[PDB]
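Encoded as structure tokens, the structure appears first; notes follow it.
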Ligand SMILES: NS(=O)(=O)c1c(F)c(F)cc(F)c1F
Ligand SMILES: NS(=O)(=O)c1c(F)c(F)cc(F)c1F
Ligand SMILES: OC[C@H]1O[C@@H](O)[C@H](O)[C@@H](O)[C@@H]1O
Ligand SMILES: OC[C@H]1O[C@H](O)[C@H](O)[C@@H](O)[C@@H]1O
Ligand SMILES: [Zn+2]
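Residue numbers (the UniProt record's numbering): 4 to 260.
See below:
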């Protein structure tokens with residue numbers, strides 16, 4: 004199956020997922036000078052106060068923190084979005100070293116990691132139907148730089164020892180994703196895709212301009228996870244990012260003047 008290594012990584016994915024060479028693939032480089040303020044954007048609303056986290060899972064590519072999406076408990080609205088998008092999971096992408104790890108880049112600069120909060124459009128009833136639609140998903144992306152610790156990340160870091168290998172999961176109730184946000188909600192937005200196979204072109208990307216700071220110790224614990232399953236030779240879970248893809252016939256819009 005697909006992965007991030009030399010023999011099954013991003014440069015190979017197109018052989019099983021030909022949309023990898025499609026017209027609205029993600030991530031992209033965000034050219035901050037070409038991005039244009041868009042007055043048609045409405046205020047962005049991140050409404051996570053009633054979020055219900057359930058479980059954390061090592062899926063062999065990253066770890067997902069999963070939420071109850073059976074009701075509008077945690078939703079994203081506004082900005083470029085038409086209607087209500089419900090939070091289903093978050094995960095990260097990160098590097099082997101602090102100088103790489105993000106999927107999106109900003110004027111070609113790579114951050115140490117990138118957080119993705121994944122939401123599906125409730126008009127389509129389930130995530131599976133949403134990923135058959137051009138406006139099925141909204142992903143809120145947040146860059147991570149290394150500096151001071153992020154207190155709201157520490158509960159995630161401390162459970163990782165219990166999900167070291169592919170297929171392991173643990174209870175992860177009562178986690179508040181609001182503690183992962185930066186102060187500002189200034190953002191860039193563009194139409195794109197999943198950054199992982201099957202690379203479906205369903206996503207409205209909303210990428211926050213302000214990075215969060217995490218400590219070196221926090222990201223070092225991400226890098227102790229394993230891509231492999233229990234009892235197999237250790238392959239550290241690092242560099243689980245897709246590089247920037249061609250912008251093609253797209254424009255990146257900014258929420259800020
Ligand atoms: N296209 S892919 O990245 O999904 C892939 C490969 F490139 C491969 F060489 C072997 C696989 F099993 C596989 F699934
Ligand atoms: N990176 S991503 O935010 O595009 C993403 C998704 F949106 C998704 F629904 C499932 C994934 F596995 C995934 F990595
Ligand atoms: O034709 C002019 C229009 O060109 C488009 O490509 C831009 O997105 C608009 O902001 C602009 O008003
Ligand atoms: O909030 C996520 C998790 O944080 C800590 O691990 C708590 O010990 C655990 O009870 C909780 O599920
Ligand atoms: Zn992602």
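C-beta atoms are modelled at their ideal positions from N, C-alpha and C, and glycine is treated no differently.
Is residue i a contact residue of ligand 3, with contact defined as CB to any heavy atom under 8 angstroms?
i           : result
residue 34  : no
residue 212 : no
residue 41  : yes
residue 2   : Only positions 4 to 260 of the chain appear in this structure, which leaves residue 2 out of reach.
For ligand 5, I want to know if residue i counts as a neighbour, meaning its beta carbon is within less than 8 angstroms of at least one of the ligand's heavy atoms.
i           : result
residue 141 : no
Under the three-state reduction of DSSP, which class applies to residue i: helix, strand or coil?
i           : result
residue 178 : coil
residue 31  : coil
residue 221 : helix
residue 113 : coil
residue 160 : helix
residue 263 : Because the chain is modelled from 4 through 260, residue 263 falls outside the range shown and cannot be assessed.
residue 208 : strand
residue 184 : coil
residue 36  : coil
residue 54  : coil
residue 166 : helix
residue 131 : helix
residue 17  : helix
residue 260 : coil
residue 265 : Outside the shown range of the chain, which is 4 to 260, sits residue 265, and nothing can be said about it.
Beta carbon of residue i: closer than 8 angstroms to some heavy atom of ligand 1?
i          : result
residue 18 : yes
residue 5  : yes
Report all residues from its chain with a CB closer than 8 angstroms to the CB of residue i; omit the five preceding and five following residues, and keep chain order.
i           : result
residue 162 : 59, 173 and 175
residue 252 : 26
residue 157 : 221
residue 136 : 124, 127 and 205
Any chance the CB of residue i is under 8 angstroms from a heavy atom of ligand 2?
i           : result
residue 262 : No information on residue 262 is available, as it lies outside the stretch 4 to 260 that the chain covers here.
residue 109 : no
residue 29  : yes
residue 196 : yes
Ignore the nearest five residues each way along the sequence and tell me which others in residue i's own chain have a CB closer than 7 angstroms to its CB.
i           : result
residue 213 : 185, 186, 187 and 189
residue 57  : 69, 70, 71, 175 and 176
residue 35  : 109 and 110
residue 160 : 221 and 224
residue 130 : 91 and 123
residue 45  : 81 and 82
Would you say residue i reaches chain D, if we count a Cβ-Cβ gap shorter than 9 angstroms as a contact?
i           : result
residue 138 : Although the question refers to chain D, the structure presented lacks it and comprises just one protein chain.
Would you check whether ligand 4 has a heavy atom nearer than 8 angstroms to the C-beta of residue i?
i           : result
residue 161 : yes
residue 178 : yes
residue 158 : yes
Spatial neighbours of residue i within its chain, please: CB distance less than 6 angstroms, with the 5 preceding and 5 following residues excluded, ordered by chain position.
i           : result
residue 216 : 148, 150 and 151
residue 181 : 51
residue 80  : 48 and 87
residue 101 : 115 and 149
residue 99  : 241 and 242
residue 67  : 60, 92 and 94
residue 233 : 168
Beta carbon of residue i: closer than 8 angstroms to some heavy atom of ligand 6?
i           : result
residue 174 : Of the ligands one can find in the structure shown, namely ligand 1, ligand 2, ligand 3, ligand 4 and ligand 5, none is ligand 6.
Three-pair Cβ contact test at 8 angstroms for the stretch 90-99 versus the stretch 70-77: They touch, by the three-pair rule.
The stretch 10-30 touching the stretch 194-210, judged by at least three CB pairs closer than 8 angstroms: At 8 angstroms Cβ cutoff, the stretches touch.
Validate contact between the stretch 233-243 and the stretch 208-222 using beta carbons, cut 8 angstroms, 3 pairs: No, the stretch 233-243 is not in contact with the stretch 208-222.
Touch test, the stretch 117-128 against the stretch 145-154, Cβ-Cβ under 8 angstroms, three pairs minimum: The stretch 117-128, when compared against the stretch 145-154, does touch it at the 8 angstroms Cβ threshold.
Chain-ordered list of residues that sit, by beta carbon, closer than 6 angstroms to a heavy atom of ligand 5: Answer in sequence order: 94, 96, 119 and 198.
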